[PDB]
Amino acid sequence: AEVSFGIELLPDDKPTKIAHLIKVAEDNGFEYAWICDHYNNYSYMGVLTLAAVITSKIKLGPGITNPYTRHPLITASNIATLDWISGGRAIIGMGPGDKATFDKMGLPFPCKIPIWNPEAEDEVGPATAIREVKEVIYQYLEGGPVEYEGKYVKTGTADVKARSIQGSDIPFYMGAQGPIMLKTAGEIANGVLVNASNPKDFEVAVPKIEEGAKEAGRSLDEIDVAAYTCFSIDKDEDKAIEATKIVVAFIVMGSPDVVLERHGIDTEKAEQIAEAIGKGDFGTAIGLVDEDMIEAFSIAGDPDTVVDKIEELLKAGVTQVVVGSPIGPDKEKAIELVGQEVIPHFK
């Protein structure tokens, strides 16, 4: 897979601002734009349809949605609709849901409910649910009728009228953190969205993606390994680094101990950070974030530093660098700084 840059925006801000930033990213050479799917924010279909209207080249899609909060045939319809309206630019980001959001919604997490197979009662693994949603979506994109009986979803004979433009050429990316999801993604996905920003995370993740690819007779180069990063760039390195703190603080808090161990993180001023958060004291949280946490969980600094860090990620197997929150002290100026002083070094 060729090297590319993506942008991931949480749609909590005004939809028109989110659309405007995606146009700035397109104008600056970014090739992918991912919009998160959480009920508490503006809906990905509304925000991406508005972004589709305001852009012409960048690929657009949910990053990431899930098999549970909407029937897979509804997700298929959304993707086909976004693809048609955008002139064939849709992409799919699919994951297993997320704990913080599912707890708020009232859904269990991991969610093992065979929600869309009414006659089943047996729990279903999230990786299996994702495989099934994928089959339903692509049967829909091929024009149907969709006929699928799995453990998590069982359809009737579902005819399809809506047509996309790319059809089954729409890329399927899977969110993956653990070994099971990483292996499944190497087997069935066009790409993998890994929430990580450091080469060490990919030295661990890529071999597992490759293991799944081999079992499917695929080469690792058929898979776009996308790093969903905490990213911060500014001509003033100190300012860029400072902007990452609140985000890194939350990352440190939600990182399993093997991840903290991997990055040699002060497990003391960790969780101690988790106590500052949840307590609503983000001020002490930010104060506790040190240089090792910033190096482990973000790509931050001036263009030179950022370019150096991306070179190391690419060596570790990353092929799509997704610029995520905070992006930079000023999001728009940050995107432009990436297009002007980072992307040209990788063309």
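The first residue of the sequence shown is number 1, and the count goes up from there.
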{"query": "Segment of higher mean CA temperature factor, 33-41 or 301-309", "finding": "301-309"}
{"query": "Mean temperature factor over C-alpha atoms, higher-scoring stretch between 53-61 and 280-288", "finding": "280-288"}
{"query": "Selection from 118, 95, 143, 186 [criterion: highest C-alpha temperature factor in the record]", "finding": "118"}
{"query": "161, 104, 131, 235, ranked by C-alpha B-factor: the highest one", "finding": "235"}
{"query": "Modelled-residue ranking by C-alpha temperature factor, third containing residue 222", "finding": "highest"}
{"query": "Modelled-residue ranking by C-alpha temperature factor, third containing residue 15", "finding": "lowest"}
{"query": "Among modelled residues of the same chain, the CA temperature factor third for residue 73", "finding": "lowest"}
{"query": "Third assignment of residue 172 from its chain's C-alpha B-factors", "finding": "lowest"}
{"query": "Third assignment of residue 83 from its chain's C-alpha B-factors", "finding": "lowest"}
